[PDB]
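Student: Take a look at upload-v2.pdb, PDB, C-alpha atoms and all ligand atoms:
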ATOM      1  CA  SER A   3      47.052 -96.919 -35.417
ATOM      2  CA  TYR A   4      43.258 -96.695 -35.325
ATOM      3  CA  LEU A   5      43.262 -93.809 -32.819
ATOM      4  CA  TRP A   6      42.077 -90.677 -34.641
ATOM      5  CA  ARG A   7      41.628 -87.003 -33.948
ATOM      6  CA  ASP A   8      38.778 -85.312 -35.823
ATOM      7  CA  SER A   9      40.991 -84.345 -38.758
ATOM      8  CA  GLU A  10      42.253 -87.936 -39.096
ATOM      9  CA  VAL A  11      38.931 -89.792 -39.142
ATOM     10  CA  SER A  12      38.346 -89.291 -42.877
ATOM     11  CA  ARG A  13      41.395 -91.486 -43.562
ATOM     12  CA  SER A  14      39.894 -94.403 -41.617
ATOM     13  CA  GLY A  15      38.307 -95.864 -44.766
ATOM     14  CA  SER A  16      36.539 -94.899 -47.983
ATOM     15  CA  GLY A  17      33.647 -96.863 -49.468
ATOM     16  CA  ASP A  18      33.142-100.551 -48.658
ATOM     17  CA  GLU A  19      36.685-100.990 -47.254
ATOM     18  CA  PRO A  20      37.064-101.741 -43.526
ATOM     19  CA  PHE A  21      35.881 -98.678 -41.620
ATOM     20  CA  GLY A  22      34.417 -97.165 -44.814
ATOM     21  CA  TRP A  23      31.273 -96.402 -42.775
ATOM     22  CA  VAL A  24      33.221 -94.558 -40.029
ATOM     23  CA  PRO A  25      33.435 -91.059 -41.597
ATOM     24  CA  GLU A  26      29.652 -90.819 -41.838
ATOM     25  CA  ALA A  27      29.228 -92.117 -38.286
ATOM     26  CA  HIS A  28      31.695 -89.451 -37.163
ATOM     27  CA  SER A  29      29.686 -86.723 -38.902
ATOM     28  CA  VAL A  30      26.402 -87.958 -37.420
ATOM     29  CA  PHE A  31      27.997 -87.962 -33.965
ATOM     30  CA  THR A  32      29.413 -84.441 -34.249
ATOM     31  CA  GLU A  33      26.101 -83.107 -35.581
ATOM     32  CA  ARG A  34      24.332 -84.574 -32.542
ATOM     33  CA  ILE A  35      26.810 -83.188 -29.998
ATOM     34  CA  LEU A  36      27.117 -79.741 -31.628
ATOM     35  CA  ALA A  37      23.401 -79.250 -32.308
ATOM     36  CA  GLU A  38      22.218 -75.764 -31.436
ATOM     37  CA  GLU A  39      18.568 -76.181 -30.462
ATOM     38  CA  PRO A  40      17.888 -77.907 -28.215
ATOM     39  CA  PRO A  41      21.565 -78.266 -27.279
ATOM     40  CA  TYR A  42      22.986 -81.663 -26.533
ATOM     41  CA  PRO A  43      22.346 -82.249 -22.759
ATOM     42  CA  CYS A  44      25.977 -82.875 -21.833
ATOM     43  CA  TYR A  45      27.807 -79.568 -22.342
ATOM     44  CA  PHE A  46      30.960 -81.303 -21.264
ATOM     45  CA  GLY A  47      30.780 -83.505 -24.355
ATOM     46  CA  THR A  48      29.927 -80.529 -26.561
ATOM     47  CA  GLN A  49      32.789 -78.484 -25.133
ATOM     48  CA  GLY A  50      35.159 -81.434 -25.514
ATOM     49  CA  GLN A  51      34.188 -81.669 -29.183
ATOM     50  CA  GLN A  52      34.581 -77.915 -29.786
ATOM     51  CA  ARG A  53      37.974 -77.899 -28.066
ATOM     52  CA  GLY A  54      39.469 -80.781 -30.043
ATOM     53  CA  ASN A  55      39.543 -83.007 -26.965
ATOM     54  CA  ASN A  56      37.587 -85.942 -28.407
ATOM     55  CA  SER A  57      39.433 -88.839 -30.012
ATOM     56  CA  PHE A  58      37.917 -91.644 -32.056
ATOM     57  CA  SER A  59      38.327 -95.296 -32.921
ATOM     58  CA  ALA A  60      36.195 -98.060 -34.378
ATOM     59  CA  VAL A  61      35.495-101.778 -34.543
ATOM     60  CA  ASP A  62      34.501-103.335 -37.866
ATOM     61  CA  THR A  63      32.543-106.469 -37.034
ATOM     62  CA  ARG A  64      33.276-107.962 -40.464
ATOM     63  CA  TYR A  65      37.025-108.198 -39.758
ATOM     64  CA  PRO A  66      37.500-109.061 -36.076
ATOM     65  CA  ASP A  67      41.072-110.330 -36.509
ATOM     66  CA  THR A  68      42.400-107.008 -37.859
ATOM     67  CA  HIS A  69      39.755-104.363 -37.019
ATOM     68  CA  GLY A  70      38.384-105.831 -33.825
ATOM     69  CA  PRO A  71      39.149-106.167 -30.127
ATOM     70  CA  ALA A  72      42.902-106.746 -30.477
ATOM     71  CA  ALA A  73      43.302-103.506 -32.427
ATOM     72  CA  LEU A  74      40.941-101.698 -30.043
ATOM     73  CA  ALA A  75      43.116-102.741 -27.110
ATOM     74  CA  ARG A  76      46.049-101.098 -28.863
ATOM     75  CA  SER A  77      43.965 -97.990 -29.569
ATOM     76  CA  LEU A  78      42.836 -97.855 -25.930
ATOM     77  CA  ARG A  79      46.413 -98.069 -24.635
ATOM     78  CA  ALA A  80      47.365 -95.214 -26.949
ATOM     79  CA  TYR A  81      44.302 -93.247 -25.897
ATOM     80  CA  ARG A  82      45.052 -93.774 -22.205
ATOM     81  CA  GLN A  83      48.475 -92.177 -22.659
ATOM     82  CA  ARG A  84      46.872 -89.292 -24.564
ATOM     83  CA  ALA A  85      44.174 -88.866 -21.911
ATOM     84  CA  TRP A  86      46.773 -88.159 -19.221
ATOM     85  CA  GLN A  87      48.418 -85.307 -21.168
ATOM     86  CA  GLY A  88      46.972 -81.869 -21.841
ATOM     87  CA  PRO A  89      43.277 -81.339 -21.141
ATOM     88  CA  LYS A  90      41.763 -83.350 -18.328
ATOM     89  CA  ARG A  91      38.382 -83.482 -20.097
ATOM     90  CA  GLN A  92      39.031 -85.815 -23.032
ATOM     91  CA  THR A  93      36.816 -88.631 -24.338
ATOM     92  CA  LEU A  94      37.335 -91.574 -26.675
ATOM     93  CA  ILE A  95      34.359 -92.401 -28.911
ATOM     94  CA  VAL A  96      34.435 -95.845 -30.540
ATOM     95  CA  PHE A  97      31.985 -96.680 -33.324
ATOM     96  CA  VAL A  98      31.071-100.363 -33.739
ATOM     97  CA  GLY A  99      29.872-101.069 -37.261
ATOM     98  CA  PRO A 100      28.697-101.463 -39.914
ATOM     99  CA  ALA A 101      25.302-100.384 -38.566
ATOM    100  CA  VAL A 102      22.682-103.113 -38.125
ATOM    101  CA  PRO A 103      19.214-101.914 -39.226
ATOM    102  CA  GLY A 104      16.507-102.609 -36.659
ATOM    103  CA  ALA A 105      18.723-103.820 -33.817
ATOM    104  CA  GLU A 106      17.045-103.860 -30.400
ATOM    105  CA  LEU A 107      18.583-102.049 -27.439
ATOM    106  CA  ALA A 108      19.057-105.337 -25.584
ATOM    107  CA  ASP A 109      21.078-106.625 -28.557
ATOM    108  CA  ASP A 110      23.355-103.589 -28.627
ATOM    109  CA  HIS A 111      23.895-103.884 -24.863
ATOM    110  CA  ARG A 112      24.797-107.556 -25.280
ATOM    111  CA  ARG A 113      27.304-106.560 -27.968
ATOM    112  CA  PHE A 114      28.721-103.908 -25.616
ATOM    113  CA  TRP A 115      29.385-106.337 -22.770
ATOM    114  CA  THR A 116      30.821-108.928 -25.149
ATOM    115  CA  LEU A 117      33.275-106.365 -26.520
ATOM    116  CA  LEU A 118      34.415-105.383 -23.023
ATOM    117  CA  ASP A 119      34.934-109.088 -22.271
ATOM    118  CA  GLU A 120      37.016-109.528 -25.424
ATOM    119  CA  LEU A 121      39.172-106.534 -24.435
ATOM    120  CA  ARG A 122      40.078-108.049 -21.056
ATOM    121  CA  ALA A 123      41.927-110.787 -22.935
ATOM    122  CA  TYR A 124      44.168-108.181 -24.609
ATOM    123  CA  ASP A 125      44.965-106.168 -21.470
ATOM    124  CA  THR A 126      48.720-106.202 -20.850
ATOM    125  CA  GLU A 127      48.481-104.775 -17.313
ATOM    126  CA  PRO A 128      47.178-106.430 -14.132
ATOM    127  CA  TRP A 129      43.857-105.376 -12.708
ATOM    128  CA  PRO A 130      44.262-102.336 -10.400
ATOM    129  CA  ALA A 131      44.725-103.100  -6.721
ATOM    130  CA  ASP A 132      42.367-100.324  -5.586
ATOM    131  CA  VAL A 133      39.394-101.730  -7.543
ATOM    132  CA  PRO A 134      37.594-105.004  -6.673
ATOM    133  CA  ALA A 135      37.852-107.508  -9.494
ATOM    134  CA  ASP A 136      34.467-109.106  -8.713
ATOM    135  CA  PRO A 137      31.757-107.439 -10.863
ATOM    136  CA  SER A 138      29.183-108.098  -8.137
ATOM    137  CA  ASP A 139      31.145-105.949  -5.684
ATOM    138  CA  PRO A 140      29.465-102.566  -5.067
ATOM    139  CA  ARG A 141      32.804-100.878  -5.825
ATOM    140  CA  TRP A 142      33.547-102.608  -9.127
ATOM    141  CA  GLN A 143      34.418-100.400 -12.069
ATOM    142  CA  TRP A 144      35.620-101.561 -15.460
ATOM    143  CA  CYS A 145      39.408-101.461 -15.652
ATOM    144  CA  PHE A 146      41.899-101.687 -18.479
ATOM    145  CA  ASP A 147      45.607-100.934 -18.888
ATOM    146  CA  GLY A 148      46.112-100.417 -15.172
ATOM    147  CA  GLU A 149      43.294 -98.075 -14.182
ATOM    148  CA  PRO A 150      39.483 -97.812 -13.943
ATOM    149  CA  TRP A 151      37.457 -96.046 -16.597
ATOM    150  CA  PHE A 152      33.983 -94.689 -17.003
ATOM    151  CA  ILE A 153      32.429 -96.320 -20.053
ATOM    152  CA  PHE A 154      28.947 -96.164 -21.477
ATOM    153  CA  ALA A 155      26.993 -97.506 -24.446
ATOM    154  CA  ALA A 156      25.107 -95.383 -26.965
ATOM    155  CA  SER A 157      22.740 -96.895 -29.517
ATOM    156  CA  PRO A 158      20.142 -95.801 -32.085
ATOM    157  CA  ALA A 159      17.702 -98.009 -30.145
ATOM    158  CA  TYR A 160      17.525 -95.359 -27.391
ATOM    159  CA  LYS A 161      14.192 -93.907 -28.459
ATOM    160  CA  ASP A 162      13.135 -92.139 -25.253
ATOM    161  CA  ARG A 163      16.604 -91.541 -23.774
ATOM    162  CA  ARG A 164      17.585 -89.733 -26.969
ATOM    163  CA  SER A 165      20.716 -88.322 -25.333
ATOM    164  CA  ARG A 166      22.202 -91.815 -25.763
ATOM    165  CA  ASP A 167      21.333 -92.073 -29.471
ATOM    166  CA  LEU A 168      24.595 -90.871 -31.016
ATOM    167  CA  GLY A 169      23.934 -92.216 -34.493
ATOM    168  CA  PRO A 170      23.333 -95.444 -36.355
ATOM    169  CA  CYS A 171      26.008 -97.563 -34.643
ATOM    170  CA  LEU A 172      26.485 -98.996 -31.207
ATOM    171  CA  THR A 173      28.976 -96.462 -29.861
ATOM    172  CA  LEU A 174      31.232 -96.887 -26.833
ATOM    173  CA  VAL A 175      32.260 -93.794 -24.889
ATOM    174  CA  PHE A 176      35.440 -94.217 -22.821
ATOM    175  CA  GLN A 177      36.909 -91.834 -20.234
ATOM    176  CA  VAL A 178      39.672 -92.177 -17.683
ATOM    177  CA  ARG A 179      38.659 -91.065 -14.187
ATOM    178  CA  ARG A 180      40.711 -87.840 -14.568
ATOM    179  CA  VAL A 181      37.786 -86.263 -16.439
ATOM    180  CA  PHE A 182      35.786 -85.967 -13.210
ATOM    181  CA  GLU A 183      38.478 -84.323 -11.108
ATOM    182  CA  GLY A 184      36.973 -81.098  -9.820
ATOM    183  CA  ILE A 185      33.339 -82.175 -10.185
ATOM    184  CA  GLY A 186      33.059 -84.894  -7.559
ATOM    185  CA  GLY A 187      29.614 -85.506  -6.111
ATOM    186  CA  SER A 188      30.296 -83.736  -2.818
ATOM    187  CA  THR A 189      31.677 -80.648  -4.544
ATOM    188  CA  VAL A 190      29.867 -77.395  -5.284
ATOM    189  CA  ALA A 191      30.967 -77.688  -8.929
ATOM    190  CA  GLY A 192      29.812 -81.308  -9.186
ATOM    191  CA  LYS A 193      26.318 -80.525  -7.934
ATOM    192  CA  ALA A 194      26.120 -77.605 -10.381
ATOM    193  CA  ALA A 195      27.272 -79.882 -13.217
ATOM    194  CA  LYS A 196      24.553 -82.446 -12.536
ATOM    195  CA  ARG A 197      21.926 -79.684 -12.321
ATOM    196  CA  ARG A 198      23.011 -78.291 -15.684
ATOM    197  CA  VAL A 199      23.136 -81.636 -17.489
ATOM    198  CA  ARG A 200      19.821 -82.738 -15.997
ATOM    199  CA  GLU A 201      18.174 -79.467 -17.043
ATOM    200  CA  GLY A 202      19.459 -80.285 -20.518
ATOM    201  CA  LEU A 203      17.998 -83.787 -20.348
ATOM    202  CA  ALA A 204      14.615 -82.231 -19.428
ATOM    203  CA  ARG A 205      14.676 -80.329 -22.753
ATOM    204  CA  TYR A 206      15.966 -83.203 -24.892
ATOM    205  CA  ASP A 207      14.848 -86.635 -23.696
ATOM    206  CA  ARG A 208      11.385 -88.216 -23.541
ATOM    207  CA  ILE A 209      12.206 -89.771 -20.142
ATOM    208  CA  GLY A 210      13.915 -88.192 -17.164
ATOM    209  CA  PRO A 211      17.265 -88.965 -15.596
ATOM    210  CA  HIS A 212      17.612 -92.657 -14.818
ATOM    211  CA  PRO A 213      17.464 -93.561 -11.109
ATOM    212  CA  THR A 214      20.856 -95.279 -11.239
ATOM    213  CA  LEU A 215      22.491 -91.904 -11.978
ATOM    214  CA  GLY A 216      21.660 -91.011  -8.362
ATOM    215  CA  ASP A 217      19.989 -88.083  -6.616
ATOM    216  CA  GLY A 218      22.604 -85.563  -7.849
ATOM    217  CA  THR A 222      27.931 -94.709  -6.358
ATOM    218  CA  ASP A 223      27.670 -98.429  -5.667
ATOM    219  CA  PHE A 224      27.114-100.602  -8.734
ATOM    220  CA  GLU A 225      28.318 -98.080 -11.289
ATOM    221  CA  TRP A 226      28.049-100.795 -13.950
ATOM    222  CA  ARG A 227      24.320-100.100 -14.227
ATOM    223  CA  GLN A 228      25.138 -96.638 -15.587
ATOM    224  CA  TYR A 229      27.164 -98.152 -18.437
ATOM    225  CA  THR A 230      24.014 -99.591 -20.058
ATOM    226  CA  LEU A 231      21.025 -97.512 -18.972
ATOM    227  CA  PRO A 232      17.675 -98.912 -20.143
ATOM    228  CA  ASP A 233      15.330 -96.779 -22.233
ATOM    229  CA  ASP A 234      12.770 -96.754 -19.389
ATOM    230  CA  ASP A 235      12.727 -96.612 -15.577
ATOM    231  CA  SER A 236      13.613-100.286 -15.061
ATOM    232  CA  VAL A 237      16.411-100.932 -12.572
ATOM    233  CA  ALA A 238      18.706-103.920 -13.007
ATOM    234  CA  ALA A 239      19.596-106.259 -10.171
ATOM    235  CA  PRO A 240      22.832-104.913  -8.579
ATOM    236  CA  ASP A 241      24.699-108.231  -8.623
ATOM    237  CA  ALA A 242      23.702-108.989 -12.245
ATOM    238  CA  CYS A 243      26.479-107.274 -14.181
ATOM    239  CA  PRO A 244      26.925-109.312 -17.412
ATOM    240  CA  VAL A 245      30.749-109.042 -17.435
ATOM    241  CA  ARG A 246      32.924-112.133 -16.955
TER     242      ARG A 246
HETATM  243  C1  LIG B   1      31.611 -87.082 -26.249
HETATM  244  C2  LIG B   1      31.649 -86.952 -24.930
HETATM  245  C3  LIG B   1      30.491 -87.109 -24.007
HETATM  246  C4  LIG B   1      29.235 -87.618 -24.199
HETATM  247  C5  LIG B   1      28.696 -88.245 -25.469
HETATM  248  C6  LIG B   1      28.527 -87.459 -22.972
HETATM  249  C7  LIG B   1      27.200 -87.876 -22.775
HETATM  250  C8  LIG B   1      26.484 -87.736 -21.599
HETATM  251  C9  LIG B   1      25.158 -88.188 -21.382
HETATM  252  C10 LIG B   1      24.297 -88.904 -22.402
HETATM  253  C11 LIG B   1      24.818 -87.853 -20.110
HETATM  254  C12 LIG B   1      23.489 -88.125 -19.427
HETATM  255  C13 LIG B   1      23.556 -89.290 -18.425
HETATM  256  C14 LIG B   1      23.884 -90.585 -19.110
HETATM  257  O1  LIG B   1      23.257 -90.990 -20.070
HETATM  258  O2  LIG B   1      24.783 -91.293 -18.710
HETATM  259  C15 LIG B   1      25.929 -87.186 -19.541
HETATM  260  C16 LIG B   1      25.976 -86.704 -18.256
HETATM  261  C17 LIG B   1      27.139 -86.221 -17.685
HETATM  262  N1  LIG B   1      28.346 -86.059 -18.261
HETATM  263 FE1  LIG B   1      28.774 -86.357 -20.111
HETATM  264  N2  LIG B   1      29.322 -86.868 -22.081
HETATM  265  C18 LIG B   1      30.511 -86.617 -22.617
HETATM  266  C19 LIG B   1      31.638 -86.037 -22.040
HETATM  267  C20 LIG B   1      31.762 -85.689 -20.711
HETATM  268  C21 LIG B   1      32.933 -85.265 -20.076
HETATM  269  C22 LIG B   1      34.289 -85.071 -20.716
HETATM  270  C23 LIG B   1      32.638 -85.048 -18.742
HETATM  271  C24 LIG B   1      33.652 -84.505 -17.810
HETATM  272  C25 LIG B   1      33.375 -83.838 -16.711
HETATM  273  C26 LIG B   1      31.238 -85.343 -18.575
HETATM  274  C27 LIG B   1      30.500 -85.259 -17.415
HETATM  275  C28 LIG B   1      29.158 -85.594 -17.306
HETATM  276  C29 LIG B   1      28.437 -85.448 -16.032
HETATM  277  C30 LIG B   1      28.997 -84.957 -14.710
HETATM  278  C31 LIG B   1      27.184 -85.861 -16.265
HETATM  279  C32 LIG B   1      26.018 -85.845 -15.296
HETATM  280  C33 LIG B   1      25.702 -87.118 -14.555
HETATM  281  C34 LIG B   1      24.472 -86.878 -13.702
HETATM  282  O3  LIG B   1      23.665 -85.955 -13.904
HETATM  283  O4  LIG B   1      24.271 -87.640 -12.762
HETATM  284  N3  LIG B   1      30.753 -85.737 -19.800
HETATM  285  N4  LIG B   1      26.949 -87.132 -20.468
HETATM  286  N1  LIG B   2      27.696 -90.046 -18.642
HETATM  287  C1  LIG B   2      27.750 -89.926 -17.318
HETATM  288  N2  LIG B   2      26.767 -90.422 -16.581
HETATM  289  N3  LIG B   2      28.783 -89.300 -16.769
HETATM  290  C2  LIG B   2      29.008 -89.143 -15.337
HETATM  291  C3  LIG B   2      29.846 -90.283 -14.791
HETATM  292  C4  LIG B   2      30.256 -90.032 -13.346
HETATM  293  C5  LIG B   2      30.792 -91.277 -12.651
HETATM  294  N4  LIG B   2      29.690 -92.165 -12.294
HETATM  295  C6  LIG B   2      31.576 -90.864 -11.414
HETATM  296  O1  LIG B   2      31.293 -91.344 -10.322
HETATM  297  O2  LIG B   2      32.490 -90.038 -11.470
END
Produce structure tokens that represent the structure in this file.
Tutor:
Amino acid sequence: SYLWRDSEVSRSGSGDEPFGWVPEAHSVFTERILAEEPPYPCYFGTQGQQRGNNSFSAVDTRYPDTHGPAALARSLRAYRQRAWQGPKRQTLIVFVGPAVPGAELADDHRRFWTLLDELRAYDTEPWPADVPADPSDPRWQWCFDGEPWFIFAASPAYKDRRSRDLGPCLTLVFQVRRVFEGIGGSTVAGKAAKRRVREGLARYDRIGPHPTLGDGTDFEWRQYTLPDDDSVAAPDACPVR
């Protein structure tokens, strides 16, 4: 019941109630993604926003038993069903709040991995057979509710990689793999997509595309939590589990 379309987010909370900080986080996020000049680097995200294809949820760290990982697992199951109907290019954006002034990027990434770990406990489906369960396997991807996802962390502590600063809260961006159908890495369209996004990053960010994004697949976990510099994590060092 915490899965929201744009028009529903304002009813999340009002004032100091649980989620009372969500409507403002939603507005900061949409302002970032819809900004005109320079445009947000990912036109897919911008187009998804414009087309009503982004859904939202939240975690309120003050109330983990009612507004935390158990509820987010329910929201994610509902989102997964939604993501397989209508437009292929949908995204779920989950704000984790209230915001913590001065948090370091490493702290927000720690919080990200901890939240994924807490979700695994609430998964009602077995881990997919086509995906290795061992997070040190080159082919590991995070899975939930019977399928792999692409998931990444955004944080206000991304100072140079501004594309990943979506507002004052740690923000989790979830997609089922369906979003990439038609823009695989070998495809003409997929190469054009990476060109276009990376041109956008070269007009928006203070640091270029991270090496773990590739030239334009092993150890995808490193993409979930890009650093703010050119450091490259050890491949077998995924924090999950
Ligand atoms: C609110 C939704 C979205 C946000 C906030 C978002 C954000 C980003 C960001 C920050 C990047 C730069 C690389 C990175 O930091 O990981 C990126 C790249 C990209 N996004 Fe999105 N995105 C969104 C939706 C989508 C959707 C729906 C697709 C579906 C096709 C998509 C496809 C891509 C691709 C292909 C890249 C390029 C990867 C590369 O150059 O190697 N995005 N996006
Ligand atoms: N935000 C992003 N980096 N999006 C692109 C994710 C693509 C994903 N690594 C794949 O193999 O399909």
Student: Would you give me, as CSV, each residue of segment 58-125 of chain A having an atom within 8 Å of an atom of segment 42-50 of chain A, along with its shortest atom pair and that distance in Å to one decimal, using only C-alpha atoms and sorting by chain and residue number?
Tutor:
residue,atom,partner,partner_atom,distance
A:91,CA,A:50,CA,6.6
A:92,CA,A:50,CA,6.4
A:93,CA,A:50,CA,7.5
Student: Emit the selected residues as a tab-separated table (two decimals), in the coordinates of the input, including C-alpha atoms.
Tutor:
chain	number	residue	atom	x	y	z
A	91	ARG	CA	38.38	-83.48	-20.10
A	92	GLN	CA	39.03	-85.82	-23.03
A	93	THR	CA	36.82	-88.63	-24.34
Student: List, as a ChimeraX atom specification, every residue that the PyMOL selection byres (((chain A and resi 168) around 8) and not hetatm) selects in the file provided.
Tutor: /A:30-31,34,156-158,165-167,169-171,173
Student: Using the chain letters and numbers from this file, what does the PyMOL selection byres (((chain A and resi 5) around 6) and not hetatm) select? Give the answer as a ChimeraX atom specification.
Tutor: /A:3-4,6,58-59,77
Student: Neighbours of ligand LIG 2 (chain B) at 10 Å or closer, counting only C-alpha atoms and all ligand atoms: which residues, as a VMD selection string?
Tutor: chain A and resid 44 46 to 47 143 151 to 155 165 to 166 175 to 183 185 to 187 192 195 to 196 199 211 to 212 214 to 216 222 to 229 231
Student: Atom CA of residue 90 of chain A to atom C22 of ligand LIG 1 (chain B): how many Å, to one decimal?
Tutor: 8.0 Å
Student: Could you work out an axis-aligned box for ligand LIG 1 (chain B), taking every atom the file lists and adding 6 Å on each side, and report centre and edge lengths in Å to one decimal, as JSON?
Tutor:
{"center_x": 28.8, "center_y": -87.6, "center_z": -19.5, "size_x": 23.0, "size_y": 19.5, "size_z": 25.5}
Student: If I take atom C28 of ligand LIG 1 (chain B) and atom CA of residue 144 of chain A, how far is one from the other in Å, to one decimal?
Tutor: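 Distance reported for this atom pair: 17.3 Å.
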Student: Using the chain letters and numbers from the file, give me the residues hit by the PyMOL selection byres (((chain A and resi 69) around 12) and not hetatm), as an mmCIF file with C-alpha atoms, in the coordinates of the input.
Tutor:
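And here is the file that came out, part-v9.cif:
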data_model
loop_
_atom_site.group_PDB
_atom_site.id
_atom_site.type_symbol
_atom_site.label_atom_id
_atom_site.label_comp_id
_atom_site.auth_asym_id
_atom_site.auth_seq_id
_atom_site.Cartn_x
_atom_site.Cartn_y
_atom_site.Cartn_z
ATOM 1 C CA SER A 3 47.052 -96.919 -35.417
ATOM 2 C CA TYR A 4 43.258 -96.695 -35.325
ATOM 3 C CA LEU A 5 43.262 -93.809 -32.819
ATOM 4 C CA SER A 14 39.894 -94.403 -41.617
ATOM 5 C CA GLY A 15 38.307 -95.864 -44.766
ATOM 6 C CA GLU A 19 36.685 -100.990 -47.254
ATOM 7 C CA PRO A 20 37.064 -101.741 -43.526
ATOM 8 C CA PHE A 21 35.881 -98.678 -41.620
ATOM 9 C CA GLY A 22 34.417 -97.165 -44.814
ATOM 10 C CA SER A 59 38.327 -95.296 -32.921
ATOM 11 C CA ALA A 60 36.195 -98.060 -34.378
ATOM 12 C CA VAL A 61 35.495 -101.778 -34.543
ATOM 13 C CA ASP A 62 34.501 -103.335 -37.866
ATOM 14 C CA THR A 63 32.543 -106.469 -37.034
ATOM 15 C CA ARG A 64 33.276 -107.962 -40.464
ATOM 16 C CA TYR A 65 37.025 -108.198 -39.758
ATOM 17 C CA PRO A 66 37.500 -109.061 -36.076
ATOM 18 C CA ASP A 67 41.072 -110.330 -36.509
ATOM 19 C CA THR A 68 42.400 -107.008 -37.859
ATOM 20 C CA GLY A 70 38.384 -105.831 -33.825
ATOM 21 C CA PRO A 71 39.149 -106.167 -30.127
ATOM 22 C CA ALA A 72 42.902 -106.746 -30.477
ATOM 23 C CA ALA A 73 43.302 -103.506 -32.427
ATOM 24 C CA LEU A 74 40.941 -101.698 -30.043
ATOM 25 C CA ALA A 75 43.116 -102.741 -27.110
ATOM 26 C CA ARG A 76 46.049 -101.098 -28.863
ATOM 27 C CA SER A 77 43.965 -97.990 -29.569
ATOM 28 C CA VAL A 96 34.435 -95.845 -30.540
ATOM 29 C CA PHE A 97 31.985 -96.680 -33.324
ATOM 30 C CA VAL A 98 31.071 -100.363 -33.739
ATOM 31 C CA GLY A 99 29.872 -101.069 -37.261
ATOM 32 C CA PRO A 100 28.697 -101.463 -39.914
#
Student: Out of A:36, A:78, A:107, A:237, which residue has the shortest atom-to-atom distance to residue 147 of chain A when counting only C-alpha atoms?
Tutor: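 For residue 147 of chain A, the nearest of the candidates is A:78.
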Student: Rounded to one decimal place, report the atom CA of residue 94 of chain A-atom CA of residue 82 of chain A distance in Å.
Tutor: 9.2 Å
